[PDB]
Each structure stands twice: as structure tokens, then as C-alpha cells.
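Commentary on secondary and tertiary structure
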Amino acid sequence: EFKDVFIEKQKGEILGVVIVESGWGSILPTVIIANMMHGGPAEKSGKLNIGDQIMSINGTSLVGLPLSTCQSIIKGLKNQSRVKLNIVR
């Protein structure tokens, strides 16, 4: 279940999602929203719910890249105003 997650926030604010190197036995390993601000941008959209296997952010495929890359993407999503990240359900 692909999901065009759109996380809108104020410039200078991070999405609020914490994904980890998904290594379970399902889908293509990439990332796992292990955590997510209870009410933050991620929860605001009402789409991403801790445990979502994100696939890409604003056109940035998280597949094949380690956690360091993904984290940097989330951290760099502070002053975007919105996040077009397609996750996997």
C-alpha cells in the first residue's frame, strides 16, 4: 500500500519521524518509522504511523542507502514546509 505522504510544517521544523534500517522479512529493506512525534508534522498528516516502511522523501529513494543517509534527509527536512515522501504499507 504505497502512500504519497505529504507532511506540511513551518520552515525550521523537522518532520518528526524516526526511521531505522528495516531488516524484517517483508517488502524491500530501506527504512522503518520506528518513532514519530505524537502530534508532530508526521502525525499531523495523519498518514504516517510508527512502523511505516518509508520508501522515499520528496523524491529521495531511501532504498539502498544506510540509516545515516535517511536520517540526514529527515534532519534536512526542517525548512521545506512540506514532505512528499512515498512510504510502504
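Residues numbered from 1 in each chain as written, not as in the entry; some residues may be left out. Heavy atoms only, no water.

- Listed under the method field of the entry is solution NMR.

- As recorded by the PDB entry, the protein carries the name amyloid beta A4 precursor protein-binding, family A, member 1 and is attributed to Homo sapiens.

**Quick notes on the environment of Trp24**
- When you line up the elements, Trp24 lands in the loop between β2 (17–20) and β3 (32–36).
- Overall, the relative accessible area of 42% leaves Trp24 in the partly exposed class.
- Sequence spacing of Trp24 and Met36 is 12 residues, and the spatial spacing of their C-alpha atoms is 19 Å.
- Those residues within four positions of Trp24 in sequence are excluded, and the remaining contacts are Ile32, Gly51 and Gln53. (Helix = DSSP H or I, 4+ residues; strand = E, 2+ residues; numbered from the N terminus. Buried < 20%, exposed > 50% of the residue type's maximum accessible area, 1.4 Å probe, protein only. Contact = heavy atoms within 4.5 Å.)

**A few points about the environment of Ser26**
- In this structure, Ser26 sits in the loop between β2 and β3.
- On a C-alpha basis, the gap between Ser26 and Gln53 in space is 9.8 Å, while along the polypeptide they are 27 residues apart.

**Notes on the sheet that holds strand β5 (residues 60–61)**
- Spatially, the 4 strands line up as an open sheet ordered β1-β6-β4-β5, and their pairing is antiparallel. What marks the edges here is a single partner per strand, and that holds for β1 (2–8) and β5. (Pairing = 2+ DSSP bridges.)

**Notes on the nonpolar core**
- Residues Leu15, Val17, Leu48, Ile54, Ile57, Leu62 and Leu85 are the most contacted members of the largest nonpolar core, which totals 21 residues.
- Mapped by element, the contributors of at least two residues to this core are β1, β2, β3, β4 (53–57), α2 (67–75) and β6 (82–88).
- Ignoring anything within four residues of it in the chain, the contact list for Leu85 reads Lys3, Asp4, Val5, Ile7, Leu15, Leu48, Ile54, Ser56, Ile57 and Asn58. (Core = buried A, V, L, I, M, F, W, Y, C linked by side-chain atoms within 4.5 Å.)

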